[PDB]
file work17.pdb (PDB, C-alpha atoms and all ligand atoms)
ATOM      1  CA  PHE B   5     145.679 -38.674  73.900
ATOM      2  CA  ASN B   6     146.322 -42.301  72.971
ATOM      3  CA  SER B   7     144.999 -42.047  69.385
ATOM      4  CA  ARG B   8     145.075 -39.585  66.513
ATOM      5  CA  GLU B   9     141.329 -39.935  66.020
ATOM      6  CA  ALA B  10     140.545 -39.088  69.656
ATOM      7  CA  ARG B  11     142.699 -35.959  69.380
ATOM      8  CA  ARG B  12     140.993 -34.998  66.102
ATOM      9  CA  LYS B  13     137.520 -35.349  67.636
ATOM     10  CA  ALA B  14     138.397 -33.324  70.742
ATOM     11  CA  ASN B  15     139.768 -30.587  68.497
TER      12      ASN B  15
ATOM     13  CA  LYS I   5     167.357 -48.189  60.475
ATOM     14  CA  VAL I   6     163.715 -47.360  61.186
ATOM     15  CA  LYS I   7     162.872 -43.744  60.460
ATOM     16  CA  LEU I   8     159.663 -43.203  62.438
ATOM     17  CA  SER I   9     158.224 -44.446  65.722
ATOM     18  CA  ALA I  10     154.706 -44.984  67.012
ATOM     19  CA  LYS I  11     155.055 -41.835  69.139
ATOM     20  CA  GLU I  12     156.222 -39.717  66.180
ATOM     21  CA  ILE I  13     153.291 -40.914  64.057
ATOM     22  CA  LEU I  14     150.864 -40.196  66.910
ATOM     23  CA  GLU I  15     152.129 -36.643  67.377
ATOM     24  CA  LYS I  16     152.614 -35.718  63.696
ATOM     25  CA  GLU I  17     150.787 -32.548  62.665
ATOM     26  CA  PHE I  18     150.067 -32.124  58.952
ATOM     27  CA  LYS I  19     149.438 -28.698  57.538
ATOM     28  CA  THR I  20     146.126 -28.233  55.775
ATOM     29  CA  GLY I  21     145.151 -27.091  52.317
ATOM     30  CA  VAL I  22     142.327 -26.965  49.831
ATOM     31  CA  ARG I  23     141.161 -30.434  48.722
ATOM     32  CA  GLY I  24     143.404 -32.020  51.309
ATOM     33  CA  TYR I  25     142.708 -35.526  52.520
ATOM     34  CA  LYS I  26     139.791 -35.764  54.952
ATOM     35  CA  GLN I  27     141.335 -35.664  58.438
ATOM     36  CA  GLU I  28     139.154 -38.447  59.822
ATOM     37  CA  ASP I  29     140.185 -40.834  57.019
ATOM     38  CA  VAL I  30     143.891 -40.117  57.493
ATOM     39  CA  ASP I  31     143.844 -40.233  61.297
ATOM     40  CA  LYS I  32     141.932 -43.515  61.510
ATOM     41  CA  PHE I  33     144.379 -45.041  59.005
ATOM     42  CA  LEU I  34     147.462 -43.784  60.857
ATOM     43  CA  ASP I  35     146.044 -45.160  64.133
ATOM     44  CA  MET I  36     146.174 -48.611  62.560
ATOM     45  CA  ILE I  37     149.761 -47.977  61.450
ATOM     46  CA  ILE I  38     150.590 -46.909  65.027
ATOM     47  CA  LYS I  39     149.293 -50.217  66.387
ATOM     48  CA  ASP I  40     151.402 -52.011  63.768
ATOM     49  CA  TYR I  41     154.577 -50.188  64.838
ATOM     50  CA  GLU I  42     153.881 -51.327  68.401
ATOM     51  CA  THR I  43     153.309 -54.898  67.213
ATOM     52  CA  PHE I  44     156.528 -54.870  65.164
ATOM     53  CA  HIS I  45     158.627 -53.582  68.059
ATOM     54  CA  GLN I  46     157.165 -56.048  70.551
ATOM     55  CA  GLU I  47     157.857 -58.959  68.211
ATOM     56  CA  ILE I  48     161.431 -57.772  67.627
ATOM     57  CA  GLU I  49     162.054 -57.392  71.363
ATOM     58  CA  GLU I  50     160.597 -60.860  71.954
ATOM     59  CA  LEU I  51     162.842 -62.341  69.269
ATOM     60  CA  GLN I  52     165.934 -60.448  70.414
ATOM     61  CA  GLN I  53     165.358 -61.777  73.930
ATOM     62  CA  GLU I  54     164.856 -65.332  72.684
ATOM     63  CA  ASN I  55     167.977 -65.017  70.507
ATOM     64  CA  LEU I  56     169.942 -63.917  73.559
ATOM     65  CA  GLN I  57     168.646 -66.775  75.731
ATOM     66  CA  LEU I  58     169.374 -69.374  73.038
ATOM     67  CA  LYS I  59     172.910 -68.020  72.683
ATOM     68  CA  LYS I  60     173.508 -68.167  76.446
ATOM     69  CA  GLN I  61     172.306 -71.785  76.596
ATOM     70  CA  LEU I  62     174.752 -72.714  73.823
ATOM     71  CA  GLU I  63     177.830 -71.464  75.661
TER      72      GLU I  63
ATOM     73  CA  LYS Y   5     148.867 -59.554  64.253
ATOM     74  CA  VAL Y   6     149.899 -56.821  61.825
ATOM     75  CA  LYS Y   7     146.918 -55.019  60.248
ATOM     76  CA  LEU Y   8     148.449 -53.240  57.257
ATOM     77  CA  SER Y   9     151.213 -53.728  54.694
ATOM     78  CA  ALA Y  10     153.225 -51.749  52.183
ATOM     79  CA  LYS Y  11     150.708 -52.679  49.487
ATOM     80  CA  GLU Y  12     147.658 -51.853  51.617
ATOM     81  CA  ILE Y  13     149.133 -48.411  52.332
ATOM     82  CA  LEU Y  14     149.762 -47.762  48.629
ATOM     83  CA  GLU Y  15     146.227 -48.870  47.741
ATOM     84  CA  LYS Y  16     144.518 -46.792  50.446
ATOM     85  CA  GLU Y  17     142.297 -44.019  49.049
ATOM     86  CA  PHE Y  18     141.357 -41.020  51.184
ATOM     87  CA  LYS Y  19     138.307 -38.864  50.709
ATOM     88  CA  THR Y  20     139.035 -35.185  50.268
ATOM     89  CA  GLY Y  21     137.302 -32.209  51.842
ATOM     90  CA  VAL Y  22     136.984 -28.555  50.996
ATOM     91  CA  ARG Y  23     140.000 -28.484  53.292
ATOM     92  CA  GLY Y  24     142.014 -31.372  54.667
ATOM     93  CA  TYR Y  25     145.537 -32.513  55.388
ATOM     94  CA  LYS Y  26     147.877 -31.385  52.588
ATOM     95  CA  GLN Y  27     148.079 -34.348  50.235
ATOM     96  CA  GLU Y  28     151.767 -33.889  49.468
ATOM     97  CA  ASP Y  29     152.720 -33.977  53.156
ATOM     98  CA  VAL Y  30     150.558 -37.012  53.977
ATOM     99  CA  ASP Y  31     151.908 -38.990  50.993
ATOM    100  CA  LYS Y  32     155.537 -38.199  51.786
ATOM    101  CA  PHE Y  33     154.893 -39.353  55.374
ATOM    102  CA  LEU Y  34     153.290 -42.581  54.111
ATOM    103  CA  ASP Y  35     156.368 -43.157  51.919
ATOM    104  CA  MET Y  36     158.580 -43.223  55.026
ATOM    105  CA  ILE Y  37     156.100 -45.535  56.770
ATOM    106  CA  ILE Y  38     156.213 -47.962  53.824
ATOM    107  CA  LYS Y  39     159.996 -48.030  54.063
ATOM    108  CA  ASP Y  40     159.706 -48.768  57.785
ATOM    109  CA  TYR Y  41     157.342 -51.706  57.139
ATOM    110  CA  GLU Y  42     160.029 -53.174  54.876
ATOM    111  CA  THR Y  43     162.703 -52.657  57.535
ATOM    112  CA  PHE Y  44     160.569 -54.247  60.266
ATOM    113  CA  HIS Y  45     159.867 -57.309  58.123
ATOM    114  CA  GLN Y  46     163.539 -57.754  57.212
ATOM    115  CA  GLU Y  47     164.595 -57.406  60.845
ATOM    116  CA  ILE Y  48     161.976 -59.906  62.011
ATOM    117  CA  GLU Y  49     162.875 -62.315  59.215
ATOM    118  CA  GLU Y  50     166.581 -62.193  60.080
ATOM    119  CA  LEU Y  51     165.860 -62.832  63.767
ATOM    120  CA  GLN Y  52     163.506 -65.740  63.004
ATOM    121  CA  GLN Y  53     166.066 -67.466  60.785
ATOM    122  CA  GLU Y  54     168.759 -66.962  63.412
ATOM    123  CA  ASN Y  55     166.620 -68.285  66.270
ATOM    124  CA  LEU Y  56     165.635 -71.256  64.098
ATOM    125  CA  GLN Y  57     169.291 -72.074  63.411
ATOM    126  CA  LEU Y  58     170.124 -71.660  67.101
ATOM    127  CA  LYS Y  59     167.197 -73.876  68.124
ATOM    128  CA  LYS Y  60     168.575 -76.547  65.810
ATOM    129  CA  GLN Y  61     171.922 -76.461  67.642
ATOM    130  CA  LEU Y  62     170.312 -77.144  71.033
TER     131      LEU Y  62
HETATM  132 MG    MG H   1     142.431 -29.227  71.480
END
call {"tool": "encode", "arguments": {"input": "work17.pdb", "output": "structure tokens"}}
result
Amino acid sequence: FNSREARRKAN
Amino acid sequence: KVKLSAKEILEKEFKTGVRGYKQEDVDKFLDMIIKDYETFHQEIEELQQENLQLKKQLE
Amino acid sequence: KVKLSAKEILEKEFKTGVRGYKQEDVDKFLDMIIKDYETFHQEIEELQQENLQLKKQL
């Protein structure tokens, strides 16, 4: 993941 | 010196609790801070390299 | 270039949820980030003054 928000969404 | 890094801010996991800050709000805000850390470090490296080249041309 | 600032971080309000990131932990993390913004600006300002003085010598 290159961003916190993209990790948050995937989780 | 500097305490955090862009990588450390990216990978930071906060514990949760009742009435905690909404995760989306915090993560979108920290993503902007992460870009800033990258900008800061690139500018410093650019300036440190210029500083070195100016010094070499003086001697 | 730079999007935020010490003052913009202090002023930032976050919505809360039934659950969310623990407010104490987020704030203490933001406190370190604010200190880093100060350190970055001081480092950049020192380097700019030094390069300016060097550029004058050439
Ligand atoms: Mg996952």
call {"tool": "residues_around", "arguments": {"input": "work17.pdb", "residues": "range 8-21 of chain Y", "least_positions_apart": "4", "cutoff": "9 Å", "atoms": "only C-alpha atoms", "output": "CSV table (one decimal) with C-alpha atoms, in the coordinates of the input"}}
result
chain,number,residue,atom,x,y,z
I,22,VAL,CA,142.3,-27.0,49.8
I,23,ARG,CA,141.2,-30.4,48.7
I,24,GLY,CA,143.4,-32.0,51.3
I,25,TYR,CA,142.7,-35.5,52.5
I,26,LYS,CA,139.8,-35.8,55.0
I,27,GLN,CA,141.3,-35.7,58.4
I,29,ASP,CA,140.2,-40.8,57.0
I,30,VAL,CA,143.9,-40.1,57.5
I,33,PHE,CA,144.4,-45.0,59.0
I,36,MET,CA,146.2,-48.6,62.6
I,37,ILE,CA,149.8,-48.0,61.4
I,40,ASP,CA,151.4,-52.0,63.8
Y,25,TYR,CA,145.5,-32.5,55.4
Y,34,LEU,CA,153.3,-42.6,54.1
Y,35,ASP,CA,156.4,-43.2,51.9
Y,37,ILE,CA,156.1,-45.5,56.8
Y,38,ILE,CA,156.2,-48.0,53.8
Y,39,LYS,CA,160.0,-48.0,54.1
Y,41,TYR,CA,157.3,-51.7,57.1
Y,42,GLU,CA,160.0,-53.2,54.9
call {"tool": "interface_residues", "arguments": {"input": "work17.pdb", "of": "chain Y", "to": "chain I", "cutoff": "8 Å", "atoms": "only C-alpha atoms", "output": "ChimeraX atom specification"}}
result
/Y:5-8,18-27,29-30,36-37,40,43-44,47-48,51-52,54-55,58-59,61-62
call {"tool": "residues_near_ligand", "arguments": {"input": "work17.pdb", "ligand": "ligand MG 1 (chain H)", "cutoff": "10 Å", "atoms": "all atoms listed in the file", "output": "ChimeraX atom specification"}}
result
/B:11-15
call {"tool": "write_last_selection", "arguments": {"input": "work17.pdb", "atoms": "C-alpha atoms", "output": "compact mmCIF listing (two decimals), keeping the file's coordinate frame"}}
result
# COMPACT_ATOMS: atom_id res chain seq x y z
CA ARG B 11 142.70 -35.96 69.38
CA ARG B 12 140.99 -35.00 66.10
CA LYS B 13 137.52 -35.35 67.64
CA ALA B 14 138.40 -33.32 70.74
CA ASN B 15 139.77 -30.59 68.50
call {"tool": "atom_distance", "arguments": {"input": "work17.pdb", "atom1": "CA of residue 45 in chain Y", "atom2": "CA of residue 38 in chain I"}}
result
15.6 Å
call {"tool": "atom_distance", "arguments": {"input": "work17.pdb", "atom1": "CA of residue 10 in chain I", "atom2": "CA of residue 8 in chain B"}}
result
11.1 Å
call {"tool": "atom_distance", "arguments": {"input": "work17.pdb", "atom1": "CA of residue 11 in chain I", "atom2": "CA of residue 32 in chain Y"}}
result
17.7 Å
call {"tool": "axis_aligned_box", "arguments": {"input": "work17.pdb", "around": "range 11-26 of chain Y", "padding_each_side": "6 Å", "output": "AutoDock Vina command-line options"}}
result
--center_x 143.8 --center_y -40.6 --center_z 51.6 --size_x 25.7 --size_y 36.2 --size_z 19.6
call {"tool": "decode", "arguments": {"input": "work17.pdb", "residues": "range 26-39 of chain Y", "atoms": "N, CA, C and O atoms", "output": "compact mmCIF listing (two decimals), in the first residue's frame"}}
result
# COMPACT_ATOMS: atom_id res chain seq x y z
N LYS Y 26 -7.96 5.88 18.87
CA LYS Y 26 -7.87 6.48 20.20
C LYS Y 26 -7.34 7.90 20.12
O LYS Y 26 -6.28 8.15 19.56
N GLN Y 27 -8.10 8.84 20.68
CA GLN Y 27 -7.77 10.25 20.47
C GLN Y 27 -6.44 10.61 21.10
O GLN Y 27 -5.66 11.38 20.52
N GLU Y 28 -6.16 10.05 22.27
CA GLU Y 28 -4.90 10.32 22.94
C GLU Y 28 -3.72 9.93 22.07
O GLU Y 28 -2.76 10.70 21.93
N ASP Y 29 -3.77 8.74 21.46
CA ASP Y 29 -2.66 8.24 20.66
C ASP Y 29 -2.47 9.05 19.38
O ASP Y 29 -1.33 9.29 18.96
N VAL Y 30 -3.57 9.41 18.71
CA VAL Y 30 -3.47 10.24 17.51
C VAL Y 30 -2.85 11.59 17.85
O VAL Y 30 -1.93 12.05 17.17
N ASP Y 31 -3.35 12.24 18.91
CA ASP Y 31 -2.85 13.58 19.26
C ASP Y 31 -1.37 13.54 19.62
O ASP Y 31 -0.62 14.46 19.27
N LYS Y 32 -0.95 12.53 20.39
CA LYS Y 32 0.46 12.47 20.75
C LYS Y 32 1.33 12.24 19.52
O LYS Y 32 2.46 12.73 19.46
N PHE Y 33 0.81 11.50 18.53
CA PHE Y 33 1.53 11.32 17.27
C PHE Y 33 1.61 12.64 16.50
O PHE Y 33 2.67 12.98 15.96
N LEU Y 34 0.51 13.38 16.44
CA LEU Y 34 0.49 14.68 15.78
C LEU Y 34 1.45 15.67 16.45
O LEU Y 34 1.97 16.56 15.78
N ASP Y 35 1.64 15.55 17.76
CA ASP Y 35 2.58 16.42 18.47
C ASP Y 35 4.01 16.20 17.99
O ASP Y 35 4.79 17.16 17.84
N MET Y 36 4.40 14.95 17.76
CA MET Y 36 5.71 14.66 17.20
C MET Y 36 5.83 15.18 15.77
O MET Y 36 6.87 15.70 15.38
N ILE Y 37 4.75 15.05 14.99
CA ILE Y 37 4.77 15.53 13.61
C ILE Y 37 4.95 17.04 13.57
O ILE Y 37 5.68 17.57 12.72
N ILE Y 38 4.27 17.76 14.47
CA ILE Y 38 4.43 19.22 14.54
C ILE Y 38 5.87 19.59 14.84
O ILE Y 38 6.41 20.56 14.29
N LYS Y 39 6.50 18.85 15.75
CA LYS Y 39 7.90 19.13 16.06
C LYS Y 39 8.78 18.86 14.84
O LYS Y 39 9.74 19.59 14.60
